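Heads up, the thing below is written out as structure tokens.
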There are 2 protein chains.
Amino acid sequence: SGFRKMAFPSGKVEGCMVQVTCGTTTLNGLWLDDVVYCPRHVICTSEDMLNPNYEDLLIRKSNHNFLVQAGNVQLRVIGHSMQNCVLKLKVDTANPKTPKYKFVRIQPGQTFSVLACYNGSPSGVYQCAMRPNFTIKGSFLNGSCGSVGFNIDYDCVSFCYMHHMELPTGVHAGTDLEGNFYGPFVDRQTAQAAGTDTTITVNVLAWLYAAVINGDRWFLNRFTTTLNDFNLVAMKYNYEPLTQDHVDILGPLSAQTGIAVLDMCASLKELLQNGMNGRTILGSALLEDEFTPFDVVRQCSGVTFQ
Amino acid sequence: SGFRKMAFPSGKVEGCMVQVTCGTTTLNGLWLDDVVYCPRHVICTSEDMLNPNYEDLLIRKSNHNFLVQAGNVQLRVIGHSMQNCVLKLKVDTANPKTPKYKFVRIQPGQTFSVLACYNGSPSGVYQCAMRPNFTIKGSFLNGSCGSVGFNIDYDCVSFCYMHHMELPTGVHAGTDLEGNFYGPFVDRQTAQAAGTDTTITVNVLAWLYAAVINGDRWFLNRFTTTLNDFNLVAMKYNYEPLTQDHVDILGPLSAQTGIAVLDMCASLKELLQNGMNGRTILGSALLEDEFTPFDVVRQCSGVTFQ
Ligand SMILES: Cc1c(Cl)cc(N2CCN(C(=O)c3cc(=O)[nH]c(=O)[nH]3)CC2)cc1Cl
Ligand SMILES: Cc1c(Cl)cc(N2CCN(C(=O)c3cc(=O)[nH]c(=O)[nH]3)CC2)cc1Cl
């Protein structure tokens, strides 16, 4: 029993983190095979932050302008290139700790683990969701750029996020590992704002199923509803509308508890219109939307990895 | 003078189009160096459309199950792999007509050219925009899957779109060339719906500047407005809000015409609240939002490519 904000074990990723220095700027890089990946704004100075021309800035660099350190061992840069917003540094030594990996782009509402790093050294791991406005509510300080987000599927690490910047509202923005930003953001130190966020409805429903599995039942009722009736209430409270695909995804949780999805939607409708009245669910006084249906199954039924 | 829906010259792309057959299914592929890229649902049959397991379907295939034709020359498949939603077929011959290229992921509101193809043969070219709901309003018939979208930057072809499917509403969905879908869609023949579309405001403003450059001035007025006052009216009419970044992008057009952006916004406010009253702008009775500021500059000031 129990329910926690659970991250993936980070060991396979810790061995890929390196320190990348260019000039007076130091941040984190990801070392897979003989390539080091890092944010391209490492080649920027204070004079170029507001409007950098990265093509010009890169042509004025040579391999010896890039210092790469894996712990205390230094890696020799033998080539460099730019792929969208990430810098690819070819080094003379292939990482012997390279795991089975792939580069994936995730969708809003999906979760992943973040290995926060400083000076190439892992500091902590935590779980977060990609928000519908393509930001993440992370925890990052100065020097954390190049930290990566990942999921583990069996023996394979799926890298999905590299950290680039913090927005004025305190939320965080980055790219996939091909260097393409999540959301309408650019790597320039200008004032950019995220659009309005919404609550991830399918995740809230999954979390309510986790509550029932763990013995929190006070919010259930006998009523039922339709998808269109529910979605009418949901839009009023800034909730993402619910699709038939979402209902299918929640199938294994409806079967394990014997509570139909549309039945659980009726409970959620009541919680939105009346609140929780000083009661808690799984130790929270708010509706939690950063657990996917898969996260719940993984924690309330059991999955490990090799 | 004049203003047209202008596409990029397609010659550099026509030489990369091939036909890919697997079983009874034939669609289009993109042949760059010694790799052929195509939608992975080419390995699906009618029995798997609703819920394909692509890992299983691919392990049951061998290289000789894939017939690749470049005109009449046949290409020998020596390897195959899956990267997200695209199939990568390694062939024995590198395309001698491979142009300088890169793979880019575009943002909503940006435009590109589509080379519609059938049986590996180019049929037509047209311009379209990525909608804010991550669909495109294309023109595609049966057999068009694998057609690609592209921009040309100097001598370099930037591939940004590969066509996968048509949604029930008649709009179209696809992936970038790394196989990651635009929008919340999956390559399964289930019922999926696009979210609500909005009008791309910065593009409408660019188009109004093109009108002024070409002698349509009847909608101008002496008034001005603020960003927050404009955005309040815009949201009422399902227009994307306007940012300071957008104002900067429109700079070259404001300078060429001597009409400040916030002045042009005041004209747009009036057109939204009063309509056009049987008058036309650049031969249209509706406000056009599929030309970017760069498209206008390119056509109203002059850019060619090598
Ligand atoms: C072009 C450009 C851009 Cl776009 C960003 C930076 N910065 C690099 C330094 N930096 C952090 O390390 C950091 C991350 C974080 O999440 N929170 C926090 O407080 N600090 C801020 C971003 C520099 C340049 Cl030249
Ligand atoms: C898993 C899967 C998926 Cl997701 C899609 C298809 N289709 C392949 C055939 N096809 C077209 O060629 C087509 C495109 C278009 O835009 N308009 C139109 O009328 N037809 C439809 C999609 C097949 C499979 Cl097995």
Side-chain angles (χ1 to χ4, degrees), chain A residues 50-51 55 81-86 88 101-110 130 132-134 153-154 156 158-160 168 175-186 188-196 198 200 202 227-228 231 235 240-249 251, chain B residues 50-51 55 81-86 88 101-110 130 132-134 153-154 156 158-160 168 175-186 188-196 198 200 202 227-228 231 235 240-249 251:
Chain A
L50 289 175
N51 200 29
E55 273 75 19
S81 62
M82 189 164 60
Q83 187 176 307
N84 302 311
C85 296
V86 293
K88 295 173 67 177
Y101 72 88
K102 51 184 179 173
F103 292 169
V104 296
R105 188 177 178 89
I106 60 160
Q107 294 281 334
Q110 302 194 285
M130 176 66 66
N133 65 3
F134 291 106
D153 201 27
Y154 311 115
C156 180
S158 295
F159 293 102
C160 59
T175 67
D176 64 24
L177 270 294
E178 316 282 4
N180 298 299
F181 256 98
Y182 290 100
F185 311 112
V186 291
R188 288 164 38 190
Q189 281 273 259
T190 64
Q192 316 170 53
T196 60
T198 56
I200 312 145
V202 62
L227 219 40
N228 311 281
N231 283 330
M235 293 168 184
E240 291 275 301
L242 202 72
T243 75
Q244 181 61 41
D245 310 358
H246 293 143
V247 176
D248 298 0
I249 293 295
Chain B
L50 289 175
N51 200 29
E55 273 75 19
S81 62
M82 189 164 60
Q83 187 176 307
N84 302 311
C85 296
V86 293
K88 295 173 67 177
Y101 72 88
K102 51 184 179 173
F103 292 169
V104 296
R105 188 177 178 89
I106 60 160
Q107 294 281 334
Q110 302 194 285
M130 176 66 66
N133 65 3
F134 291 106
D153 201 27
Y154 311 115
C156 180
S158 295
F159 293 102
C160 59
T175 67
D176 64 24
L177 270 294
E178 316 282 4
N180 298 299
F181 256 98
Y182 290 100
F185 311 112
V186 291
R188 288 164 38 190
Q189 281 273 259
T190 64
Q192 316 170 53
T196 60
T198 56
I200 312 145
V202 62
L227 219 40
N228 311 281
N231 283 330
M235 293 168 184
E240 291 275 301
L242 202 72
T243 75
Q244 181 61 41
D245 310 358
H246 293 143
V247 176
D248 298 0
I249 293 295

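These values consider heavy atoms only, across backbone and side chains, with no hydrogens, waters or symmetry-generated copies. All chains are named by letter (A, B, ...) in the order of the sequence lines, taking the proteins before the strands, and each is independently numbered beginning at 1.
Between the CG atom of A/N84 and the CG atom of A/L177 there is a distance of 12.0 Å, given to the nearest 0.5 Å. To the nearest 0.5 angstrom, A/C156 atom SG is 10.0 Å from A/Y101 atom OH.
For A/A191, the part lying under 4.5 angstrom from a heavy atom of chain B is the backbone only. Using a 4.5 Å cut-off between heavy atoms, B/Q83 touches chain A through its side chain atoms alone. In this structure, chain B has no heavy atom under 4.5 Å from any part of A/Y182.
Ring-plane geometry between B/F185 and B/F181 is classed as perpendicular, the angle between the planes exceeding 60 degrees on a 0 to 90 degree scale with a lower cut at 30.
Considering only heavy-atom pairs separated by less than 4.5 Å from chain A, the leading option among B/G183, B/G179, B/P241, B/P108 is B/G183. For chain A, the option among B/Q244, B/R188, B/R105, B/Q192 with the highest count of heavy-atom pairs below 4.5 Å is B/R105.
Residues B/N133 and B/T196 are not in side-chain contact: their nearest non-hydrogen atoms beyond the backbone lie 4.5 Å or more apart. Within the 4.5 Å cutoff, the side chain of B/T175 has heavy atoms near those of the B/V86 side chain.
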